[PDB]
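Below is one structure, written out as structure tokens; the observations come after it.
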Amino acid sequence: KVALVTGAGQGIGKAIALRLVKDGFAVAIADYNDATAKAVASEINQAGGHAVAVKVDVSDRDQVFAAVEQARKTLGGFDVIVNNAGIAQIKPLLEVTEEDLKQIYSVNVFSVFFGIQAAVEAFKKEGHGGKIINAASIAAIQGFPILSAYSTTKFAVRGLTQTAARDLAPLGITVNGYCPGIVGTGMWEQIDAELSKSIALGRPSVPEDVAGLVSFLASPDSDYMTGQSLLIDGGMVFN
Amino acid sequence: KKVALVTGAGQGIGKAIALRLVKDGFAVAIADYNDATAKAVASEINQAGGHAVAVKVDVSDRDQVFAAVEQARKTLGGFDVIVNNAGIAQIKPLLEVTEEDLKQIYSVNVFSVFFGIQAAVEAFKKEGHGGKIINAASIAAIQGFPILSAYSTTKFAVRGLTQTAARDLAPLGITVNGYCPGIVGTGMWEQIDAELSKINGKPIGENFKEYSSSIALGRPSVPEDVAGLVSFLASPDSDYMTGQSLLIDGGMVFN
Amino acid sequence: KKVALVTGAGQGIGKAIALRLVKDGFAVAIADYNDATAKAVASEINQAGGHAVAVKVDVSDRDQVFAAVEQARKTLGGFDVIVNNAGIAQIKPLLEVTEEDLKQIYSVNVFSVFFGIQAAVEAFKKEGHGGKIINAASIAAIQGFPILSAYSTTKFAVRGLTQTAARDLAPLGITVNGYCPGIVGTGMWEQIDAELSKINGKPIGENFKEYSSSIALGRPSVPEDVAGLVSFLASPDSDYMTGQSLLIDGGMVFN
Amino acid sequence: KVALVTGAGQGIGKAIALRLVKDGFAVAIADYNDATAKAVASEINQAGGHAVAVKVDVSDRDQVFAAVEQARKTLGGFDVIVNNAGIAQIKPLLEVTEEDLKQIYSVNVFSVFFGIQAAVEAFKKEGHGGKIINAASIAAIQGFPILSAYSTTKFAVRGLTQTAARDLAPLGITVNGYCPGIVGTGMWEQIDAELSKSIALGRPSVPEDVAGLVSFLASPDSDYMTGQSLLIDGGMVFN
Ligand SMILES: NC(=O)c1ccc[n+]([C@@H]2O[C@H](COP(=O)([O-])OP(=O)(O)OC[C@H]3O[C@@H](n4cnc5c(N)ncnc54)[C@H](O)[C@@H]3O)[C@@H](O)[C@H]2O)c1
Ligand SMILES: NC(=O)c1ccc[n+]([C@@H]2O[C@H](COP(=O)([O-])OP(=O)(O)OC[C@H]3O[C@@H](n4cnc5c(N)ncnc54)[C@H](O)[C@@H]3O)[C@@H](O)[C@H]2O)c1
Ligand SMILES: NC(=O)c1ccc[n+]([C@@H]2O[C@H](COP(=O)([O-])OP(=O)(O)OC[C@H]3O[C@@H](n4cnc5c(N)ncnc54)[C@H](O)[C@@H]3O)[C@@H](O)[C@H]2O)c1
Ligand SMILES: NC(=O)c1ccc[n+]([C@@H]2O[C@H](COP(=O)([O-])OP(=O)(O)OC[C@H]3O[C@@H](n4cnc5c(N)ncnc54)[C@H](O)[C@@H]3O)[C@@H](O)[C@H]2O)c1
């Protein structure tokens, strides 16, 4: 069984990739950062797993298709895609520009359209169904202040997860999403700095928290679940 | 007299909204990319005793949106309400959606609302008071629709924007709410039904009926249904409501 | 003149709703278990030119609810709107909630709405037309509140009832919607704040303030805020809306 | 590790119980039907697992507490409770009586209050946190026609899951729920008969579908998730 994870060079994506390896997947480590992607892939291969690094800008449709097919050929199948890559824009709502919007929507939303399309083609090529797993956010469930552009892209991903699930279900292809809360990654190590210029369980999130949920969404135990965006936020928003 | 600007007011839901707001006592800027229909609606209002001005604007263009709001503020002598209503539909199987499709529909359906919010906030500040921002979402913003994936995702984005902007702008005394129509017999559903017909081979009208079979109240919607809700959202009775996307869909989805 | 019955109309939100519906032109039945306040509010309406009757009813009693609606229908000469507003709050840590607590609050807050719906539907049929059913939910029906578990669960139940009844009754031309107030300074929050104070030791008023810190618009709610929404829900402008629970909470939760 | 599952004599509850056994739990089979409960418990024990049958009417607070403590003593711990027992009332909205409401609320809602309270006491006794897992329904997310009383009880359970999660999180106790769709069990083999007098994946649900989700909710992989009601309905409602 084969999975491709975008943004897997670090943070949540990396934790997801390592957990899927533990679960028995061969994993394509897809990232625009080929240095971290190759480092993660090498770590997996050293430890006896099976991984390959693929460089891709997920806002580029051709590169997304190329990444999926490369994964499929090299790893010998294709069963799961995790559309995880994304960026945060910490800019006041009134200061958001058209260029900002074009960038963040291409990276956070169009990428998921492209990933869905490429994955479905690979599933068909392999002659079976599959699982599409999308990174949303708590900001996809309740809009977050000063992260206005970001929030709206994650709402769009939530919507995409629903509509794609409806359309692809007859093919035996499911589409679900995960909604992290506040996770101490590089993303929040930039949100932190830009913000300067609630959790029921009473602790911030670690990438492994999300990885555990994605393990379920990649497993047969989630076969009959589709179109859902699941919160693993330590109890911030209830849905 | 308070002042409202309604985008996409040349026809359909926007036109109905504009006419109802006139009835409620607003002076209204009729904003549309279609100059002829905008002028026609404005003329129809002025000849029936109301006060309206036509403003040609492509809402996907930020500079034009600011220009439209400023023109409304100057000509009508105030600015109290903006209705971000203009939008388009795309009808295409998910796997066939192109990057160009996405760039177009997000520009028109989503970026436009960012620009409308920004322009209105600046106008409210120049007028020295708060205000109301009202966004056209959709039932497709609550549950994603089959064969209209691009459209559905833009409306989800508008729903999210309504929430986020409501949080951010509340300290300024500015509220942000949305309306979610169901299946409304406008030019847009004429288009949707026709394009669905080409895809699945069902005769003209049949797709409209099947998408409408889910409606509890047992009839499709008319633009006036939506105008009534927007009247509330433009009135002082909605002053303490913000961040909400309200369904007036005859009972298709419950939220 | 159309006819509305409002339960819990002796004081607080119910009283404000009743007075606003009178302003809108309804004849109103003032329904309350408190006979004195019901009579007082009815008298206050009649002495100011409106038309009202006081009806003593325990809404947890099905026979009394039917009797109250029938009395309203006969005395006021019609029946068009019912507002199921009467309710109580309990304030108690989750692990300390008793079976007797549950039996009481579900009887008053939930079963009452079943009975109101049933009584109103029968009345609408006797009058030979459709109608509007309007239920008091809560922000606690959308997100469960700490230390008010019993109350929160009853309001979730009312939210569900609003949806289910909307589906079932739509063919009869009867709509069912709900309103979700936020933090409203009534006798109920006087009680809640006092009981929370006894639990966590914070001075009177401080719990009310902390529960209100989440409000985007930066002020607690007054009953008039809710009355404005219910005015819309009682008006023809909401005819095509059904099954919805609408938040007017100053921006605490977004739905 | 020890789990108690109510309504485990048959249907979804039984499937949940058997899956938790496979996962390594000792399981208390709790039911008002002691015959089926004892049969399921015996099946588990015969196969090398560890189970005990407990008779309980979950609408009876004292019996719920007694069942939990019996499980705790006999099986040697207490880590998970699954509040699964419930009934359906297929009665027209206008025909619903006060007696109907008293019955269905005591069985479907009060039971979950009681189960939560009893489980928390056992968790404290054992000196650790735990997992509370509640059976909601698709009818808890969108109200279902002609199942009006039922729908409202499941909405209440959804609300209870949220509020209890908020209150119990500081104790390291989580509360989540599962929302089955249309499952071919004895319950729908009564709803079927009373109804007489949409699924994206294009097939009805089997009890094992739900069991897979509950396995996740009983596992460490769900530790950071709380207050959520998760749909596994084959794509009927999206949340
Ligand atoms: N961090 C949080 O608290 C949080 C909360 C909610 C949701 N999320 C979501 O989870 C996902 C992962 O977040 P994270 O915190 O690990 O982020 P991160 O910034 O730590 O990692 C992002 C990774 O994606 C890669 N990437 C960025 N843009 C790319 C592009 N155009 N093409 C290919 N790769 C690209 C980066 O190189 C990086 O390796 C994101 O979608 C984020 O929106 C994160
Ligand atoms: N069933 C429905 O019709 C339905 C349902 C849900 C939501 N909505 C939403 O309601 C809104 C109005 O829909 P409608 O049915 O009245 O549509 P319509 O096609 O009848 O009218 C759209 C109007 O917007 C104008 N417009 C389009 N693009 C523009 C641009 N870039 N700049 C300025 N003006 C532009 C058009 O000229 C036209 O006058 C839309 O946002 C739509 O998404 C409609
Ligand atoms: N912050 C808030 O006050 C708030 C917030 C959300 C929802 N609500 C809901 O709004 C509704 C009105 O609340 P309020 O703040 O005006 O309450 P309140 O306590 O001020 O008034 C309640 C009224 O209901 C009457 N009543 C109580 N039990 C009754 C019974 N069994 N039969 C008949 N009448 C009965 C009382 O006599 C009283 O007149 C309630 O359903 C409440 O749950 C209130
Ligand atoms: N079957 C479905 O399609 C469906 C859909 C959504 C939700 N659910 C929920 O899943 C849960 C399990 O449903 P199911 O279909 O397996 O039901 P079922 O009728 O097949 O099994 C119910 C079990 O609970 C037991 N039980 C009933 N009342 C009890 C009481 N008072 N005390 C103790 N035990 C009692 C019964 O003896 C039986 O063993 C229920 O809560 C139901 O509401 C079911």
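Chains: A, B, ... in order of the structure tokens. Residues: from 1 per chain. Ligands: from 1, in order shown.
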
Give me, as a tab-separated table (two decimals) with N, CA, C and O atoms, in the first residue's frame, the residues of chain D touching chain C, with the criterion being at most 7 Å (counting only C-alpha atoms).
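Generated output (part.tsv):
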```tsv
chain	number	residue	atom	x	y	z
D	94	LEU	N	-47.43	14.33	15.99
D	94	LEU	CA	-48.67	14.77	16.63
D	94	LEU	C	-49.28	13.70	17.54
D	94	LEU	O	-50.19	13.99	18.31
D	117	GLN	N	-21.51	9.69	34.73
D	117	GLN	CA	-21.26	9.85	36.15
D	117	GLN	C	-20.61	8.60	36.75
D	117	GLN	O	-19.63	8.71	37.48
D	142	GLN	N	-29.18	16.01	11.65
D	142	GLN	CA	-30.34	16.53	10.93
D	142	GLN	C	-31.57	15.77	11.40
D	142	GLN	O	-31.62	14.55	11.32
D	143	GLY	N	-32.56	16.50	11.91
D	143	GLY	CA	-33.78	15.88	12.41
D	143	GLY	C	-34.48	15.03	11.37
D	143	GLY	O	-34.66	15.45	10.23
D	144	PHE	N	-34.86	13.82	11.77
D	144	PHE	CA	-35.48	12.84	10.87
D	144	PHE	C	-36.99	12.79	11.03
D	144	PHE	O	-37.49	12.64	12.14
D	145	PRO	N	-37.72	12.89	9.91
D	145	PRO	CA	-39.19	12.82	9.90
D	145	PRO	C	-39.70	11.53	10.53
D	145	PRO	O	-39.01	10.51	10.48
D	148	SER	N	-39.48	11.72	15.40
D	148	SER	CA	-39.31	13.01	16.05
D	148	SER	C	-38.76	12.89	17.47
D	148	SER	O	-37.78	13.54	17.81
D	151	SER	N	-35.15	11.57	17.32
D	151	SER	CA	-34.23	12.60	16.84
D	151	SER	C	-33.88	13.57	17.96
D	151	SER	O	-32.71	13.91	18.15
D	152	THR	N	-34.89	14.02	18.70
D	152	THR	CA	-34.63	14.99	19.74
D	152	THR	C	-33.76	14.39	20.86
D	152	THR	O	-32.91	15.08	21.41
D	153	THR	N	-33.93	13.10	21.17
D	153	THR	CA	-33.08	12.50	22.19
D	153	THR	C	-31.63	12.43	21.72
D	153	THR	O	-30.71	12.61	22.52
D	155	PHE	N	-30.14	14.47	19.49
D	155	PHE	CA	-29.62	15.83	19.59
D	155	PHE	C	-29.16	16.11	21.02
D	155	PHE	O	-28.11	16.72	21.23
D	156	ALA	N	-29.94	15.67	22.00
D	156	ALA	CA	-29.59	15.90	23.40
D	156	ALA	C	-28.28	15.20	23.74
D	156	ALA	O	-27.44	15.76	24.45
D	159	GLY	N	-25.45	17.20	22.36
D	159	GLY	CA	-25.20	18.30	23.28
D	159	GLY	C	-24.48	17.86	24.54
D	159	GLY	O	-23.57	18.53	25.02
D	160	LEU	N	-24.90	16.72	25.09
D	160	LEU	CA	-24.28	16.18	26.29
D	160	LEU	C	-22.81	15.84	26.06
D	160	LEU	O	-21.96	16.09	26.92
D	162	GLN	N	-20.79	17.31	24.01
D	162	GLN	CA	-20.06	18.57	24.01
D	162	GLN	C	-19.84	19.14	25.41
D	162	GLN	O	-18.71	19.48	25.77
D	163	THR	N	-20.91	19.28	26.18
D	163	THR	CA	-20.82	19.92	27.48
D	163	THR	C	-19.98	19.06	28.44
D	163	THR	O	-19.14	19.59	29.18
D	166	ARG	N	-16.26	19.41	27.74
D	166	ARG	CA	-15.73	20.67	28.26
D	166	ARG	C	-15.45	20.55	29.76
D	166	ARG	O	-14.39	20.95	30.25
D	167	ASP	N	-16.40	19.97	30.48
D	167	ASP	CA	-16.31	19.89	31.94
D	167	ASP	C	-15.29	18.87	32.43
D	167	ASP	O	-14.68	19.06	33.48
```

(message) Residues within 10 Å of stretch 198-215 of chain C, please, as a VMD selection string. Count only C-alpha atoms; anything in the same chain fewer than 3 positions from it doesn't count.
(response) (chain B and resid 167 170) or (chain C and resid 91 to 93 145 147 182 to 185 189 to 190 192 to 195 218 to 221 249 to 253)

Go ahead and dump the residues you just picked, C-alpha atoms, as a compact mmCIF listing (two decimals), in the first residue's frame.
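Below is the file selection-v7.txt, written as the result:
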```txt
# COMPACT_ATOMS: atom_id res chain seq x y z
CA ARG B 167 -15.12 38.91 14.56
CA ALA B 170 -17.26 44.08 15.55
CA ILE C 91 -26.92 25.44 37.38
CA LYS C 92 -25.07 22.43 38.74
CA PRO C 93 -21.80 20.56 38.16
CA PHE C 145 -22.02 25.32 28.22
CA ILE C 147 -21.72 23.91 34.55
CA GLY C 182 -26.77 34.78 23.92
CA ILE C 183 -26.14 36.30 27.33
CA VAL C 184 -29.30 38.26 28.15
CA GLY C 185 -29.68 40.29 31.33
CA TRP C 189 -29.10 35.28 34.24
CA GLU C 190 -29.59 36.90 37.64
CA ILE C 192 -27.37 31.79 36.80
CA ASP C 193 -24.83 34.37 37.97
CA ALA C 194 -25.90 33.94 41.59
CA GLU C 195 -25.70 30.15 41.49
CA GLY C 218 -18.75 43.89 23.24
CA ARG C 219 -21.99 44.18 25.20
CA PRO C 220 -24.44 41.82 26.91
CA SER C 221 -27.86 41.30 25.34
CA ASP C 249 -25.84 36.56 20.33
CA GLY C 250 -23.64 39.54 19.45
CA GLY C 251 -21.18 37.16 17.82
CA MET C 252 -20.25 34.39 20.25
CA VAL C 253 -20.80 31.34 18.04
```

(request) Provide as a ChimeraX atom specification the residues of chain A at most 10 Å from chain D, counting only C-alpha atoms. (result) /A:141,158-159,161-163,165-176,180-181,199-206,208-217,219-239

(message) Please list as a ChimeraX atom specification every residue within 7 Å of residue C:42, counting only C-alpha atoms and excluding residues in the same chain fewer than 4 positions away.
(response) /C:30,38,46,52-54

Save out the residues we just selected, N, CA, C and O atoms, as a CSV table (one decimal), in the first residue's frame.
```csv
chain,number,residue,atom,x,y,z
C,30,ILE,N,-51.0,36.2,26.5
C,30,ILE,CA,-49.9,36.3,27.4
C,30,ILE,C,-49.9,35.0,28.3
C,30,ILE,O,-50.7,35.0,29.3
C,38,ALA,N,-48.7,37.6,34.2
C,38,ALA,CA,-49.4,37.4,33.0
C,38,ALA,C,-50.6,38.4,32.9
C,38,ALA,O,-50.7,39.1,31.8
C,46,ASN,N,-53.5,46.1,27.0
C,46,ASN,CA,-54.8,46.6,26.7
C,46,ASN,C,-55.0,48.1,27.1
C,46,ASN,O,-55.8,48.8,26.4
C,52,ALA,N,-54.9,42.0,24.2
C,52,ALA,CA,-54.2,40.9,24.9
C,52,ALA,C,-55.1,40.2,25.9
C,52,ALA,O,-56.0,40.8,26.4
C,53,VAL,N,-54.8,38.9,26.1
C,53,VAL,CA,-55.5,38.2,27.2
C,53,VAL,C,-54.5,37.4,27.9
C,53,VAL,O,-53.5,37.0,27.4
C,54,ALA,N,-54.6,37.3,29.3
C,54,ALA,CA,-53.7,36.6,30.1
C,54,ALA,C,-54.2,35.2,30.2
C,54,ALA,O,-55.4,34.9,30.4
```

DSSP on the backbone, strand (DSSP E or B) only: what residues of stretch 26-224 of chain D does that give? Format it as an mmCIF file with N, CA, C and O atoms, in the first residue's frame.
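As a result, out.cif now contains:
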```cif
data_model
loop_
_atom_site.group_PDB
_atom_site.id
_atom_site.type_symbol
_atom_site.label_atom_id
_atom_site.label_comp_id
_atom_site.auth_asym_id
_atom_site.auth_seq_id
_atom_site.Cartn_x
_atom_site.Cartn_y
_atom_site.Cartn_z
ATOM 1 N N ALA D 26 -10.563 -6.190 27.885
ATOM 2 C CA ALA D 26 -11.539 -7.020 28.567
ATOM 3 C C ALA D 26 -12.834 -6.222 28.537
ATOM 4 O O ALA D 26 -12.808 -5.007 28.741
ATOM 5 N N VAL D 27 -13.956 -6.879 28.263
ATOM 6 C CA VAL D 27 -15.195 -6.138 28.022
ATOM 7 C C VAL D 27 -16.375 -6.614 28.860
ATOM 8 O O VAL D 27 -16.674 -7.805 28.925
ATOM 9 N N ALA D 28 -17.042 -5.664 29.507
ATOM 10 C CA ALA D 28 -18.303 -5.934 30.176
ATOM 11 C C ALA D 28 -19.445 -5.782 29.183
ATOM 12 O O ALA D 28 -19.605 -4.727 28.571
ATOM 13 N N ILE D 29 -20.208 -6.854 29.013
ATOM 14 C CA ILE D 29 -21.337 -6.885 28.091
ATOM 15 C C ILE D 29 -22.594 -6.509 28.861
ATOM 16 O O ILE D 29 -23.184 -7.349 29.540
ATOM 17 N N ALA D 30 -22.992 -5.243 28.769
ATOM 18 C CA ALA D 30 -24.100 -4.724 29.569
ATOM 19 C C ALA D 30 -25.375 -4.600 28.744
ATOM 20 O O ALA D 30 -25.370 -4.015 27.661
ATOM 21 N N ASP D 31 -26.468 -5.148 29.265
ATOM 22 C CA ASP D 31 -27.728 -5.174 28.529
ATOM 23 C C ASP D 31 -28.890 -5.482 29.465
ATOM 24 O O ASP D 31 -28.698 -6.100 30.515
ATOM 25 N N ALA D 51 -14.475 -11.508 29.184
ATOM 26 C CA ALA D 51 -15.726 -10.767 29.217
ATOM 27 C C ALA D 51 -16.601 -11.196 30.380
ATOM 28 O O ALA D 51 -16.483 -12.308 30.895
ATOM 29 N N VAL D 52 -17.484 -10.297 30.792
ATOM 30 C CA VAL D 52 -18.495 -10.624 31.777
ATOM 31 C C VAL D 52 -19.812 -9.973 31.361
ATOM 32 O O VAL D 52 -19.836 -8.854 30.842
ATOM 33 N N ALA D 53 -20.909 -10.696 31.546
ATOM 34 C CA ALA D 53 -22.224 -10.142 31.268
ATOM 35 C C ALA D 53 -22.745 -9.428 32.501
ATOM 36 O O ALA D 53 -22.575 -9.910 33.622
ATOM 37 N N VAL D 54 -23.357 -8.267 32.296
ATOM 38 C CA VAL D 54 -23.980 -7.526 33.381
ATOM 39 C C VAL D 54 -25.380 -7.102 32.960
ATOM 40 O O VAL D 54 -25.557 -6.476 31.913
ATOM 41 N N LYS D 55 -26.382 -7.452 33.760
ATOM 42 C CA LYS D 55 -27.738 -7.013 33.470
ATOM 43 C C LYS D 55 -27.967 -5.622 34.039
ATOM 44 O O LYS D 55 -27.719 -5.372 35.221
ATOM 45 N N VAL D 80 -12.803 2.555 29.622
ATOM 46 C CA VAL D 80 -13.696 3.014 28.553
ATOM 47 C C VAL D 80 -15.140 2.646 28.846
ATOM 48 O O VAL D 80 -15.428 1.514 29.211
ATOM 49 N N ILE D 81 -16.058 3.593 28.685
ATOM 50 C CA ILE D 81 -17.466 3.232 28.661
ATOM 51 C C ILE D 81 -18.060 3.646 27.321
ATOM 52 O O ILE D 81 -17.755 4.722 26.795
ATOM 53 N N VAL D 82 -18.874 2.758 26.761
ATOM 54 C CA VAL D 82 -19.604 3.050 25.538
ATOM 55 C C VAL D 82 -21.092 3.058 25.858
ATOM 56 O O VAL D 82 -21.694 2.006 26.094
ATOM 57 N N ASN D 83 -21.666 4.257 25.904
ATOM 58 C CA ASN D 83 -23.089 4.434 26.159
ATOM 59 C C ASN D 83 -23.854 4.247 24.855
ATOM 60 O O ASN D 83 -24.129 5.208 24.132
ATOM 61 N N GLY D 130 -9.789 8.633 31.269
ATOM 62 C CA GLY D 130 -10.554 7.629 30.561
ATOM 63 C C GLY D 130 -11.292 8.164 29.358
ATOM 64 O O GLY D 130 -11.212 9.351 29.037
ATOM 65 N N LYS D 131 -12.012 7.272 28.690
ATOM 66 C CA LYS D 131 -12.757 7.633 27.496
ATOM 67 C C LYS D 131 -14.226 7.292 27.659
ATOM 68 O O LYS D 131 -14.590 6.163 28.009
ATOM 69 N N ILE D 132 -15.067 8.291 27.426
ATOM 70 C CA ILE D 132 -16.503 8.098 27.359
ATOM 71 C C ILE D 132 -16.934 8.234 25.904
ATOM 72 O O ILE D 132 -16.587 9.209 25.237
ATOM 73 N N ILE D 133 -17.670 7.242 25.416
ATOM 74 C CA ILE D 133 -18.066 7.190 24.009
ATOM 75 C C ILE D 133 -19.574 7.000 23.915
ATOM 76 O O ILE D 133 -20.104 6.005 24.397
ATOM 77 N N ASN D 134 -20.262 7.955 23.293
ATOM 78 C CA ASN D 134 -21.725 7.954 23.254
ATOM 79 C C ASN D 134 -22.310 7.658 21.878
ATOM 80 O O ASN D 134 -21.836 8.176 20.870
ATOM 81 N N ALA D 135 -23.350 6.834 21.840
ATOM 82 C CA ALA D 135 -24.067 6.588 20.595
ATOM 83 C C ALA D 135 -25.024 7.729 20.310
ATOM 84 O O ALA D 135 -26.028 7.895 21.006
ATOM 85 N N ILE D 173 -10.261 13.183 31.032
ATOM 86 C CA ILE D 173 -11.349 12.335 30.574
ATOM 87 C C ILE D 173 -11.976 12.949 29.330
ATOM 88 O O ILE D 173 -12.391 14.108 29.347
ATOM 89 N N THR D 174 -12.022 12.182 28.246
ATOM 90 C CA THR D 174 -12.606 12.688 27.010
ATOM 91 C C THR D 174 -13.997 12.124 26.781
ATOM 92 O O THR D 174 -14.349 11.057 27.289
ATOM 93 N N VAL D 175 -14.794 12.864 26.021
ATOM 94 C CA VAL D 175 -16.141 12.436 25.675
ATOM 95 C C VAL D 175 -16.367 12.677 24.187
ATOM 96 O O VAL D 175 -16.349 13.818 23.727
ATOM 97 N N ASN D 176 -16.553 11.599 23.433
ATOM 98 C CA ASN D 176 -16.869 11.713 22.017
ATOM 99 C C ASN D 176 -18.083 10.865 21.679
ATOM 100 O O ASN D 176 -18.508 10.034 22.476
ATOM 101 N N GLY D 177 -18.648 11.080 20.498
ATOM 102 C CA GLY D 177 -19.787 10.292 20.074
ATOM 103 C C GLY D 177 -19.658 9.745 18.670
ATOM 104 O O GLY D 177 -18.838 10.215 17.880
ATOM 105 N N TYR D 178 -20.463 8.734 18.365
ATOM 106 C CA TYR D 178 -20.524 8.210 17.006
ATOM 107 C C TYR D 178 -21.936 8.318 16.459
ATOM 108 O O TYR D 178 -22.915 8.158 17.192
ATOM 109 N N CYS D 179 -22.034 8.618 15.168
ATOM 110 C CA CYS D 179 -23.325 8.813 14.524
ATOM 111 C C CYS D 179 -23.490 7.848 13.367
ATOM 112 O O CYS D 179 -23.064 8.144 12.247
ATOM 113 N N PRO D 180 -24.094 6.687 13.634
ATOM 114 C CA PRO D 180 -24.396 5.721 12.575
ATOM 115 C C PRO D 180 -25.453 6.265 11.624
ATOM 116 O O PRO D 180 -26.210 7.170 11.989
ATOM 117 N N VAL D 183 -28.376 1.439 9.651
ATOM 118 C CA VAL D 183 -27.724 0.160 9.909
ATOM 119 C C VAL D 183 -28.737 -0.970 10.045
ATOM 120 O O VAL D 183 -29.675 -0.883 10.838
ATOM 121 N N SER D 205 -25.493 0.334 5.942
ATOM 122 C CA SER D 205 -24.424 0.138 6.912
ATOM 123 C C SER D 205 -24.535 -1.207 7.630
ATOM 124 O O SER D 205 -25.635 -1.718 7.842
#
```

(request) Could you report the residues within 6 Å of ligand 2, using only C-alpha atoms and all ligand atoms, as a PyMOL selection string? (result) chain B and resi 8-14+32-34+57-60+85-88+108+136-139+180-184+186-189

(request) Grab the atom CA of residue A:78 to atom CA of residue A:2 distance for me, in Å with one decimal place. (result) 4.8 Å

(request) Kindly indicate which residue among B:20, B:44, B:74, B:129 lies nearest to chain C, using only C-alpha atoms for the distances. (result)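 Looking at the shortest contact to chain C, the residue is B:20.
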
(request) Return the neighbours of chain B among the residues of chain C, cut-off 7 Å, counting only C-alpha atoms, as a PyMOL selection string. (result) chain C and resi 163+167+170-171+216-217+225+228-229+232+237-238+240-245+247-251+254-255

(message) Using Å and a single decimal, report how far atom CA of residue C:84 sits from atom 38 (C, counted along the ligand's line) of ligand 3.
(response)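 So the answer is 12.0 Å.
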